[PDB]
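Please read the structure below before turning to the comments.
Just so it is clear, none of the values below were taken in a lab; they were calculated from the coordinates. So basically every Cβ, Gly included, is an ideal-geometry build from the backbone, and we count neighbours across all protein chains shown.
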Amino acid sequence: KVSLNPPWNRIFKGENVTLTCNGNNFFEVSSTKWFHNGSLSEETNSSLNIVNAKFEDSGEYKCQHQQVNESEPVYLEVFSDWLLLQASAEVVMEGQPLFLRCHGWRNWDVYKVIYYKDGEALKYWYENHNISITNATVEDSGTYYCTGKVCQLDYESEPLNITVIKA
Amino acid sequence: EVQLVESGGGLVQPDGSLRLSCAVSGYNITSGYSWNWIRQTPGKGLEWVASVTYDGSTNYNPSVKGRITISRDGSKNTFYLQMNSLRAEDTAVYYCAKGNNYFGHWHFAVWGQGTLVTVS
Amino acid sequence: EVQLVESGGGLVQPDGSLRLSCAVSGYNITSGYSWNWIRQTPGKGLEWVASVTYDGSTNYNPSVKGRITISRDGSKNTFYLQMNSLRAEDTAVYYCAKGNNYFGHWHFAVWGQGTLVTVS
Amino acid sequence: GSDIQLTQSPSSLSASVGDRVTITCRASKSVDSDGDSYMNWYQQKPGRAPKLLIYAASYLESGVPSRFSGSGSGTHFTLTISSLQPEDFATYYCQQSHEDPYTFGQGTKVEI
Amino acid sequence: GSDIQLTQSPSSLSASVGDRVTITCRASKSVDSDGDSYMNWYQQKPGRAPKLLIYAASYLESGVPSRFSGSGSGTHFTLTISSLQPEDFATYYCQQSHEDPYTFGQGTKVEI
Amino acid sequence: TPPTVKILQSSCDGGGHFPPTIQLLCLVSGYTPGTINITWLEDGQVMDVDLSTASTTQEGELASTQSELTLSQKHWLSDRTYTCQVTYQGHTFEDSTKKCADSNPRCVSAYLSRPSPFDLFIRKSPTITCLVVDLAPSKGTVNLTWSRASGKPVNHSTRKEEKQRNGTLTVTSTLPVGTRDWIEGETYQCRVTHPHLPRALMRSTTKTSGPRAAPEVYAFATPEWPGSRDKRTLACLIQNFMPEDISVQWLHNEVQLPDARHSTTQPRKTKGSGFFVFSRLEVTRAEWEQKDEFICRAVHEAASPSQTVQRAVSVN
Amino acid sequence: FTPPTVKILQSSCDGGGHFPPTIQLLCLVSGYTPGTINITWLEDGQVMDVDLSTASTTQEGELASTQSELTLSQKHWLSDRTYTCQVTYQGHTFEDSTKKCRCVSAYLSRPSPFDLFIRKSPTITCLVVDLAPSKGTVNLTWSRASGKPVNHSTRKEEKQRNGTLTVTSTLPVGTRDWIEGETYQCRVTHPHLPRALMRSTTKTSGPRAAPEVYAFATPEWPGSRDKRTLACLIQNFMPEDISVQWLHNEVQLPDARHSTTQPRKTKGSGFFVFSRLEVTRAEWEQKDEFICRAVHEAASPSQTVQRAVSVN
Ligand SMILES: *[C@@H]1O[C@H](CO)[C@@H](O[C@@H]2O[C@H](CO)[C@@H](O[C@H]3O[C@H](CO[C@H]4O[C@H](CO)[C@@H](O)[C@H](O)[C@@H]4O)[C@@H](O)[C@H](O[C@H]4O[C@H](CO)[C@@H](O)[C@H](O)[C@@H]4O)[C@@H]3O)[C@H](O)[C@H]2NC(C)=O)[C@H](O)[C@H]1NC(C)=O
Ligand SMILES: *[C@@H]1O[C@H](CO)[C@@H](O[C@@H]2O[C@H](CO)[C@@H](O[C@H]3O[C@H](CO[C@H]4O[C@H](CO)[C@@H](O)[C@H](O)[C@@H]4O)[C@@H](O)[C@H](O[C@H]4O[C@H](CO)[C@@H](O)[C@H](O)[C@@H]4O)[C@@H]3O)[C@H](O)[C@H]2NC(C)=O)[C@H](O)[C@H]1NC(C)=O
Ligand SMILES: *[C@@H]1O[C@H](CO)[C@@H](O[C@@H]2O[C@H](CO)[C@@H](O[C@@H]3O[C@H](CO)[C@@H](O)[C@H](O)[C@@H]3O)[C@H](O)[C@H]2NC(C)=O)[C@H](O)[C@H]1NC(C)=O
Ligand SMILES: *[C@@H]1O[C@H](CO)[C@@H](O[C@@H]2O[C@H](CO)[C@@H](O)[C@H](O)[C@H]2NC(C)=O)[C@H](O)[C@H]1NC(C)=O
Ligand SMILES: *[C@@H]1O[C@H](CO)[C@@H](O)[C@H](O)[C@H]1NC(C)=O
Ligand SMILES: *[C@@H]1O[C@H](CO)[C@@H](O)[C@H](O)[C@H]1NC(C)=O
Ligand SMILES: *[C@@H]1O[C@H](CO)[C@@H](O)[C@H](O)[C@H]1NC(C)=O
């Protein structure tokens, strides 16, 4: 089970992250074979480290200690753009806290922030505002974009086709 | 626009009476805005005396209230001030002005030359 | 401006030979904007075939070159293509286009109408 | 087949007017050089001539409405239309223009 | 008596031409009402009539250079001047306009 | 002699990071000496004396006193207003400071529509609107205050709420106007009041002043072409006037002529400090076969005795 | 032995947090035994003359405490560069550095047909504004849609009085390519961008239409009569770009005397522009034909169009 610090997944270029799978191998009898793109790793410990990431190291990632139960294909999102909504989790079970935030380039000053229910301008506030939806429900899925004030110019961030798993 | 001719300044005697005047050039003074008497003790502070509005609603300085009367003539378009029972401290410079309001808070943009009345 | 006339759809046996043509209506082709031939297999994929620009610099597709050639007549404003040794799968729709440059990368304003070659 | 192969997603869609509709084509390797993505966008008209949609993966040629929006990153690239119109039924394509020979996607036709 | 007693600061000053100077009338109580204090700052040239300089302590009078700046809240109330000229060297005043009667300072004269 | 107060303060490092503690040394100098009691004020109330670590350096009669205070980082990053406040010889000599952040916490925009002289001198029924933009659709209501300087009673205004297509809300408000009060230049103000507001944005206006100048008028028609024998055009000249607000109109055959047929140019000054503006309007066939007297007419204040100058024209 | 204690203080932001136009950087060197002490400052490593800073070494017996103030303007701190006060003491080196705790607009010229048809010298300027400067590359690319090898352009800079720097560039053009409408692409780069900006245009599109150009005269006024004003009309053409000009007695008439209007489109989908020009007295005593000429593309034959209009 991958424990991602920070649980945010979509990034710009040249950035750093903590990569950590299973905590049931806390005492670590066998080491961890990480799989960038299928390719077997070299990390001695059960924690992998990224500093100043490359575009070409992205994509499908798995790890395993030595058991048949291999980790899940985790997919990575390196970018170079202007406007970015920023999320933690997409395949979200019911009753779960939902995390919602937008990001600007090199973490700069953006204002007049509208969140968008699938086209409908659902919540505006003058600045960023980390939205929480503490419990999932039925009608929550959709494709959600962002708008703001960038150097007085105005663009729109990408919409993200959110899928809810319903149990 | 409005132009000011103060009239009634000079040497006066204490404990007597004096009617003031300030001549207005360019308005019908019954219309609007307050009409005011303002004093300046030289070498000392600034002294508001009294005020009458266009309808005739009237305020005084409470420190001087009990001593002084303000009069008006809007056909003449001039207002006056009959001051009585003068004191030794009343040697001062006298500016008439018009009120200009905002939210019940008033201001006098315009100023006359100011007339020194010295009690002797 | 510029207008395009393809020519030469028909039925020829496999492993034979034929020639093409591509008629230009409105520009002396000798001076810029590469002159190109395009395949599309109908119901299936697409093919850039080859590319020759105004100074005579050529480029071909490496899987295909070795059996087909390309000729040119800018005075007649018409450039052509002799084909040789074709198989069954060369049955496709064939287009002609005009290169436009951008930073070592090229593009077409121009699309042909496409002519049909059907070879057994 | 040593070069980059192009896979579009979805293949074809039935829709209605005014809808906010999206497509995505995918590549294998990333060629995004110098902050530039060397991708273009294409439409054939069924029974008639083809047509460039977007050159340089973001810029429209002159003579279109503004109801259309292409984006994406890496090998994932994505075209979106905000509102459907009656003139919008055709077949649609993306194509790369970095490393020759230049490759193509399978094509996408829209229904109602 | 219970009047909001003014404290102009400083008492007087000498300067040179071009000096960026700052001055405060200090009060005792707060006239911030509906987020708004009712305060005007004044000036009289020597041997002349007075002149209002800024109404409501935030709003200019017409026909002035923009090199001046008023501020302050609560009981502290402040004027700042950015560039000094010789025609500015005189005595300046300020006055509250909130609760009647309206009160006054001692006047601070600036020299060159 | 009275002292002057100045503050010298700590520096963020080469990485621009705040120091975890803030050293507040206020430098005080320049006084004929006496008793000195410095108090520190965080947001106006007297701070504790123990963290004030002062120093009295005096060189002969010149005394360069200096009082150090010590905060933590977020003590300063609490955005509080901090103050070194010396009391000299019974007086008080005070210097303040506060956390210096960025700027523009709102920048609300509103509008005001001073009306047309047509609604002053022709229709003579003016209604003024003040027009607020960028209104957040929220819960707590506004408190509008239309207001005057003369203090006289008012009529009733409007209030137009609408959620805006680009997400926000909109309120404007409209009020009818008296005539001569604006002619004698009465000043008006509509005022905002809202729970979100740490401030309030107010705009006021009155009749725009200046000297007065009357214009000079001609107008010229279209000598026809062989192509068009029925369709011609008109245009009308003006110059040299002040102040420069006009209602421009069009007269023919007791018809106030329509609008989108014609167009009109913009207020632009002359080198002789008047302005000059034009307009244009096409001609059709049967109208001159009806009647031929046409007036590009305009409404100027220095035009008199009816605030207008008119020029009836004819063909050829 | 004790090593010295070095810290840095500065000027202050006030009770609203505003801006003194000059900032005072006080580098303190406290807590040290005296000996061999020489002090310097390094502004981005670079040194300036020795008369920008001031110091007062305070020596307290066996200990000592040096203060050292440097005064610059605000705009050097607004220039956001790094300063390093440095002291040499017994070889053992201790120091500290301190700096301060954007947009990019560009344009493109469209020249006059006089420079195309009559002056016949096409040199296109590509225009970049808001050059908030950095230390890295500003690598520009004049480039062509046809991509033939280019000639060389201009390169100049200016520090504006509102602070900013700038670069524009001017490249020569041929004529006939523009007559045929060739497109080009000036293109700057910068490393700090997440993405860059391209810009292009060329000769316009559509069909072509010639206009209806006329000009007429004014009457006089009862006030004064020796100073009159004439004007020029045009209407109903496509496209819009036209050198308009002014001719009398083989003299290019001075530019700032005449005023022109803006290109607006007619309601019948053509365009229309007007103009204006004052006349005075003594020139009609000289001569009477003053030609408001213009240059439309469809004008005939040499793109020549005027009406010689005069007085009386
Ligand atoms: C959501 O959409 C809204 C649509 O209603 C946007 O409202 C628009 O706001 C802008 C900026 O406030 C307006 O631009 C002008 O605003 C007024 C109104 O001008 C004219 O508006 C109508 C035409 O749209 C006319 O019918 C009216 O008669 C009116 O004349 C102008 O006065 C402004 O001028 C100001 O700026 C100019 C320079 O451009 C200065 O020279 C002036 O001094 C003045 O300060 C603006 O030009 C726009 O008209 C308005 N739309 C309306 C009211 O219809 C809204 O901005 C948008 N919100 C967001 C967040 O996107
Ligand atoms: C510091 O002061 C500088 C001194 O003026 C200013 O620099 C200015 O930068 C502005 C940026 O807009 C430029 O102004 C114009 O830019 C082009 C050029 O058009 C005109 O400029 C020529 C000389 O520069 C003149 O000879 C001609 O009149 C020519 O037509 C225009 O495109 C701009 O108009 C508008 O451009 C877009 C398009 O609509 C608008 O969105 C903008 O709002 C802009 O108004 C300007 O007219 C110019 O480079 C320069 N000013 C001039 C006239 O030299 C600037 O004010 C200021 N800069 C900063 C960073 O503070
Ligand atoms: C967001 O995109 C997802 C794609 O992950 C969409 O969810 C998909 O909805 C389609 C509609 O049926 C389904 O995909 C296919 O379904 C058929 C039969 O239902 C099945 O045979 C195929 O194997 C395929 O799964 C499916 O429900 C679902 N796909 C997956 C794998 O998630 C969705 O439409 C988009 N919209 C939103 C707002 O969620
Ligand atoms: C990511 O890259 C590096 C590694 O963390 C960061 O730069 C600094 O590296 C030095 C080397 O020891 C350390 O001081 C810190 O690890 C880093 N400093 C900071 C502020 O993190 C770089 O800043 C990081 N930035 C990102 C997210 O790209
Ligand atoms: C001013 O108004 C009064 C009120 O009737 C009138 O008697 C007087 O004649 C007016 N004066 C002028 C100059 O209008
Ligand atoms: C192209 O130009 C050449 C050189 O003048 C000329 O010989 C040739 O005939 C031209 N061809 C066409 C089609 O214009
Ligand atoms: C890794 O991903 C790349 C895409 O850049 C792909 O071409 C390759 O087949 C993948 N396989 C490897 C080498 O792990």
Mind telling me which of the residues C:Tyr33, C:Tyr27, C:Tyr54 ends up being under 23 Å from C:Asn77 (Cβ atoms) and in contact with a helix residue (DSSP H, G or I) (Cβ under 7 Å, 6 or more places away or on another chain)? C:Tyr54
On the given criteria, is B:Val119 in contact with a helix residue (DSSP H, G or I) (Cβ under 6 Å, 6 or more places away or on another chain) and surrounded by fewer than 19 Cβ atoms within 10 Å (Cβ to Cβ)? yes
Of G:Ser243, G:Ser275, the only residue that is touching a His at 6+ places or on another chain (Cβ under 8 Å) and among the polar types (S, T, N, Q) is G:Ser275
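Conditions (1) β-branched (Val, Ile, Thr); (2) facing chain F (nearest Cβ under 10 Å); (3) under 24 Å from F:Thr97 (Cβ atoms), marked per residue:
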position	(1), (2), (3)
G:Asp14	no, yes, yes
G:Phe19	no, yes, yes
G:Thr22	yes, no, yes
G:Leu26	no, yes, yes
G:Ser30	no, no, yes
G:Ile37	yes, no, no
G:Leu42	no, no, no
Region A:119-167, residues that are within 14 Å of chain F (Cβ to nearest Cβ) and among the acidic types (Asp, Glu): A:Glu120, A:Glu127, A:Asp154, A:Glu156
If G:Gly268 passes every condition in (1) under 35 Å from the mean Cα position of the chain (by Cα); (2) part of a loop (DSSP other than H, G, I, E, B) but one, which one does it miss? (1)
Please enumerate the residues belonging to region F:276-300 that are touching a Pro at 6+ places or on another chain (Cβ under 7 Å) and either away from every other protein chain (no Cβ under 14 Å) or of a type in the set (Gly, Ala, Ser) (or both). F:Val299, F:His300
Counted residues in region E:1-17 being surrounded by 12 or more Cβ atoms within 10 Å (Cβ to Cβ), more than 14 Å from chain B (Cβ to nearest Cβ) and not in a strand (DSSP E or B) come to 4
Checking C:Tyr27 against (1) out of contact with any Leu (no Cβ under 8 Å at 6 or more places or on another chain); (2) within 10 Å of another protein chain (Cβ to nearest Cβ); (3) more than 16 Å from ligand 6 (Cβ to nearest atom); (4) on the phi < 0 side of the Ramachandran plot, the condition it does not meet: (3)
Could you tell me which of the residues A:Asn69, A:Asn107 is away from ligand 1 (no atom under 16 Å from the Cβ), within 14 Å of chain G (Cβ to nearest Cβ) and surrounded by fewer than 17 Cβ atoms within 10 Å (Cβ to Cβ)? A:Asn107
The conditions are (1) under 30 Å from D:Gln5 (Cβ atoms); (2) away from ligand 6 (no atom under 16 Å from the Cβ); (3) more than 13 Å from the chain's Cα centre (by Cα), and C:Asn59 fails exactly one of them. Which is it? (3)
Is it the case, given these coordinates, that G:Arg155 is within 14 Å of another protein chain (Cβ to nearest Cβ), out of contact with any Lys or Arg (no Cβ under 8 Å at 6 or more places or on another chain) and more than 16 Å from ligand 7 (Cβ to nearest atom)? no
Condition check: among the β-branched types (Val, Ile, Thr), more than 21 Å from F:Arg199 (Cβ to Cβ), surrounded by 15 or more Cβ atoms within 10 Å (Cβ to Cβ) and within 11 Å of chain B (Cβ to nearest Cβ). Does E:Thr103 satisfy that? yes
For residues in region A:49-65 being more than 17 Å from the chain's Cα centre (by Cα) and surrounded by 16 or more Cβ atoms within 10 Å (Cβ to Cβ), which is farthest from ligand 6 (Cβ to nearest atom)? A:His65
Residue match in region G:162-182 (condition: assigned to a loop (DSSP other than H, G, I, E, B), surrounded by fewer than 13 Cβ atoms within 10 Å (Cβ to Cβ) and within 16 Å of ligand 2 (Cβ to nearest atom)): yes
Just one of F:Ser116, F:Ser150 is within 14 Å of chain B (Cβ to nearest Cβ), among the hydroxyl-bearing types (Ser, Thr, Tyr) and surrounded by 13 or more Cβ atoms within 10 Å (Cβ to Cβ); which is it? F:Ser150
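List the strands (runs of 3 or more DSSP E) that sit entirely inside region A:119-165 and contain at least 3 residues that are more than 16 Å from ligand 3 (Cβ to nearest atom).
So the answer is A:120-125, A:142-149.
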Look through F:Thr179, F:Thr172, F:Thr193, F:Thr205 and report the one residue that is more than 30 Å from G:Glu212 (Cβ to Cβ) and touching a helix residue (DSSP H, G or I) at 6+ places or on another chain (Cβ under 7 Å). F:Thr179
Count, please, the residues in region B:88-105 that happen to be touching a strand residue (DSSP E or B) at 6+ places or on another chain (Cβ under 7 Å) and more than 13 Å from every other protein chain (Cβ to nearest Cβ). 4
Consider F:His252 carefully, then state whether it is within 13 Å of chain G (Cβ to nearest Cβ) and surrounded by 15 or more Cβ atoms within 10 Å (Cβ to Cβ). no
Checking G:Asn236 against (1) in contact with an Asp or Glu (Cβ under 8 Å, 6 or more places away or on another chain); (2) on the phi < 0 side of the Ramachandran plot, which single condition isn't satisfied? (2)
Scanning for something more than 16 Å from ligand 3 (Cβ to nearest atom), of a type in the set (D, E, K, R) and in contact with a strand residue (DSSP E or B) (Cβ under 9 Å, 6 or more places away or on another chain), does region D:44-59 turn up at least one residue? yes
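For region G:1-107, which fully contained strands (runs of 3 or more DSSP E) count at least 2 residues that are under 34 Å from the mean Cα position of the chain (by Cα) and buried (at least 17 other Cβ atoms within 10 Å of the Cβ)? Even if it seems obvious, please write down each step before you answer.
On the way: elements: G:5-10, G:22-32, G:37-43, G:53-60, G:63-73, G:83-89.
Output list reads G:22-32, G:63-73, G:83-89.
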Kindly provide the set of residues from region G:191-217 that are in contact with a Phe, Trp or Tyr (Cβ under 7 Å, 6 or more places away or on another chain), assigned to a loop (DSSP other than H, G, I, E, B) and more than 10 Å from every other protein chain (Cβ to nearest Cβ), ordered by number. G:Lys203, G:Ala210, G:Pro211
